[PDB]
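First the structure, in the form of structure tokens, and then the observations on it.
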Amino acid sequence: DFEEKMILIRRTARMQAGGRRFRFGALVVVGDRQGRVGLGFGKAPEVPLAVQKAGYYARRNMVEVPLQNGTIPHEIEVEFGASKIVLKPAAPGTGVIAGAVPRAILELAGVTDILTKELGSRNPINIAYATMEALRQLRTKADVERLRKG
Amino acid sequence: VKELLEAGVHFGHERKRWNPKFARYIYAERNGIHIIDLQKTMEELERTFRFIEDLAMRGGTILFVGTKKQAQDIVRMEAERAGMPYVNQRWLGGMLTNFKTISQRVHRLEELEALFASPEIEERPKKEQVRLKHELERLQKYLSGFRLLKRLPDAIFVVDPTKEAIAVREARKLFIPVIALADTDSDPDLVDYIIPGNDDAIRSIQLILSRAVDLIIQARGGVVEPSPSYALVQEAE
Amino acid sequence: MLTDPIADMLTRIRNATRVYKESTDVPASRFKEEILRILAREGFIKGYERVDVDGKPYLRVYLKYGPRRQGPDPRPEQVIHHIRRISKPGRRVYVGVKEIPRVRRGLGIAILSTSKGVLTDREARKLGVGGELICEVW
Amino acid sequence: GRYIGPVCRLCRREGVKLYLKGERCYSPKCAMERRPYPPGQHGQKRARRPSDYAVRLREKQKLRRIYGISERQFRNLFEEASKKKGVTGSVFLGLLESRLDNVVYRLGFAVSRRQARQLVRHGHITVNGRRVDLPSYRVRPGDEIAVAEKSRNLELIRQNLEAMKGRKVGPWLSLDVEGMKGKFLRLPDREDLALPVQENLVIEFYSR
RNA sequence: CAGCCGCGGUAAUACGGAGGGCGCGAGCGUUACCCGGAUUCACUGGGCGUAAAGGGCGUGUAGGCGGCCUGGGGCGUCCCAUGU
RNA sequence: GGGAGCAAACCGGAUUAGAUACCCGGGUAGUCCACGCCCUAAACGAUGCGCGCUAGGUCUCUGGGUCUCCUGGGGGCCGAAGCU
Ligand SMILES: [K+]
Ligand SMILES: [K+]
Ligand SMILES: [K+]
Ligand SMILES: [Mg+2]
Ligand SMILES: [Mg+2]
Ligand SMILES: [Mg+2]
Ligand SMILES: [Mg+2]
Ligand SMILES: [Mg+2]
Ligand SMILES: [Mg+2]
Ligand SMILES: [Mg+2]
Ligand SMILES: [Mg+2]
Ligand SMILES: [Mg+2]
Ligand SMILES: [Mg+2]
Ligand SMILES: [Mg+2]
Ligand SMILES: [Mg+2]
Ligand SMILES: [Mg+2]
Ligand SMILES: [Mg+2]
Ligand SMILES: [Mg+2]
Ligand SMILES: [Mg+2]
Ligand SMILES: [Mg+2]
Ligand SMILES: [Mg+2]
Ligand SMILES: [Mg+2]
Ligand SMILES: [Mg+2]
Ligand SMILES: [Mg+2]
Ligand SMILES: [Mg+2]
Ligand SMILES: [Mg+2]
Ligand SMILES: [Mg+2]
Ligand SMILES: [Mg+2]
């Protein structure tokens, strides 16, 4: 079935009469590896309990990625916050040339060969979040054809 | 079935507090009030009823919504008339959206309902036997139409899409479609199958809605035997 | 005054679609026509007609969109996802044939004007001539 | 030079069966039998979850450790591969496996990866007639990889060509056993190959 | 000790030692220096309401920039041939 | 030149540990005017000028028309799309 993969996990701190009130957050991808990917952000009192939750949110925000042989139809740039993500598609043997976040989203898309740049805020949450609405955006010689048709 | 020339009940509502998106469904503005072009209404009615029809005979269920006390009862009634949930008092913090749990209400309605009647009714103190009669009493108020609801509903039928829009907003986050009796004061866009004309004014809520029920029952398994709701039109006048 | 008509058309179009108008007047040039024309070929508008809007020539441009949507925000997909002017008054831009770019690793166009006329890239390419890059439309 | 140390202890490092020492890293003794856990004071103890790096790195050190080669030597044939046409990943392996100190381990002659080394080095092998004492020699396709009738008559040769009666040869070789020859037929292929390795991940380590 | 972050006031994985471990290997490490990362000078490719950033306003000179149709010329621009 | 009221500086009076200050009673320059200089600023919308485009609702100033509506010009609130 699915692979769970989890980018980051953090510690957000609250303030209170008498002192700190901690809490946790989790970033999760879920892949099939075949055009289906999931992004989860999972907060709650207990780390585990977080990833857990993340997971679940993951599988509900599903993105259906038109692959095409280890790689993408056509380049995109995408702009979430001032996280900017650059995706450009490559010949097999290329590799998953990204960093950190945007990798294990494509890795888990079942993408195999593609080129990425990040520009702007490095922040993962958004860099992931971008990467998504990046994918969410792609289209196919097919898909396009269909729009313009007369 | 279907009706014609209902200018004598409804035509259009609301002054110049419109929404320009609605714009198209307007005919012209008479004395600052807006006046819907029913003729278009008719086209949609079909396109729409066509949509009820099928989901009716599929087995499937509508959800009716008026928290408007301008039409609070017509709903209860026309929705009792089709074995189809209604919501009436007020819509609720995610009835569909948080359903799982808005449902855990109906659960501890039954639990309380038939824990009256007779058995062991009074094996417990009394500072707490008129407190429970209260928790239940309350569940009774708004959950009453939300009772026959067991899964998510396969439609939503609204009166004021603007007055309940926390209903509409909800539907879609879940992919459920939206029928509504939307008028000028509201956003056409976010309704899937639209009934142009009066958010307001019993006269028309009745006519329209009730017909919708004509249509749910008719095919499914029944016949056309005038509804006991024309009798709460004669109670405004 | 205008500064770039072309710009302005394109924009007027970028602007129109983005809120789902049916059809916008731009005021008319021959050039302007020739461009619109190509959008047709490639299906980016549904077409245009010459009209006279108070006695001064224009070009109603009947834009076109995808199908009503499913879920929150039933707002069509754009057909014209992107339109960007390229040559600009006081920044001109020229490609010769080996240079003509490839739009969305293939999915849209450039419009060039050549000594052989307003073409797409695949148009000018085949035809084997370069020129001024006007814009860039996927 | 090359490594020269506890090998059937890297058998152990990567955590995966590594063939280096022959009969023994074969016959319930290469420890992945007896203690699959990694060498050193912290062996049984649970490890925290490999860093995105670590992996990328291991998988390479694996591939290298495998063929008994130095990273300096290793990379050079990488660089070559990426520069070369067609799926880079493969050709790396392509070329790796085109190594003579391999072409010979492949072709039986000696048990082990390090043996075909010190067997090439000490002279006992030929290619097309000429002798070659260089492990690093890039065997093409056409090459008759031979024993030298000079050492030929040797204990360690007989033994090991005699164990090679009956057994089978990778598609891309013909171990003839009569004249102790052996051909090398066409460049092997990711598919043709054995390897306990994610070549696609080795690439990924050098995109650094 | 220390590249940065920051490590030592008697449980220091960060000081010194030892065992072991990782990387490389006739080398390996420090320094210095150049590109890179750095879309941090942004042509590709950045900004200026509160983060650094609209000139106190205006007039106006150089300069930059220019609405719609036709015609001539071919400086820009484009193509082919060719030399280098 | 002018100098009514104000009021830096300054004289006294309180006040506080001190009070070279907020409080008080006085008081010169200045503040006013002519003519010449100075060119500064939270000179602020802290937002450069222009032209085109892209839902609305409401309140206001001033204009035209077939006048509790329409159309033009300016100040102001909310708010579509969108931006951030
Ligand atoms: K910047
Ligand atoms: K000027
Ligand atoms: K005083
Ligand atoms: Mg930005
Ligand atoms: Mg930054
Ligand atoms: Mg990152
Ligand atoms: Mg290659
Ligand atoms: Mg040290
Ligand atoms: Mg200690
Ligand atoms: Mg310490
Ligand atoms: Mg250290
Ligand atoms: Mg130490
Ligand atoms: Mg740079
Ligand atoms: Mg500032
Ligand atoms: Mg200013
Ligand atoms: Mg300033
Ligand atoms: Mg001038
Ligand atoms: Mg011009
Ligand atoms: Mg001319
Ligand atoms: Mg001419
Ligand atoms: Mg010329
Ligand atoms: Mg004086
Ligand atoms: Mg005084
Ligand atoms: Mg005093
Ligand atoms: Mg008047
Ligand atoms: Mg105004
Ligand atoms: Mg206004
Ligand atoms: Mg908004």
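Residue numbering in chain D adheres to Swiss-Prot, whereby the residues present occupy positions 2-209 in order.
If you check the header, you will see the structure was determined by X-ray crystallography, 3.8 Å.
Cβ coordinates are placed from backbone N, Cα and C, and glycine is handled just like the others.
Under the heading Zn(2+) binding site, Swiss-Prot lists D:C9, D:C12, D:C26, D:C31. Annotated domain 'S4 RNA-binding' per Swiss-Prot: D:99-161, in sequence order.
Looking at D:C9, D:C12, D:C26, D:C31, the binding-site residues in this record, the fewest other C-beta atoms within 10 angstroms of the C-beta turn up around D:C9.
The record gives D:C9, D:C12, D:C26, D:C31 for Zn(2+). Within 8 Å of the mean position of their Cβ atoms, the other Cβ atoms in that chain belong to D:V8, D:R10, D:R13, D:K18, D:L19, D:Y20, D:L21, D:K22, D:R25, D:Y27, D:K30, D:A32, D:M33. Reduced to three states, the DSSP call for D:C12 (Zn(2+) binding site) is coil.
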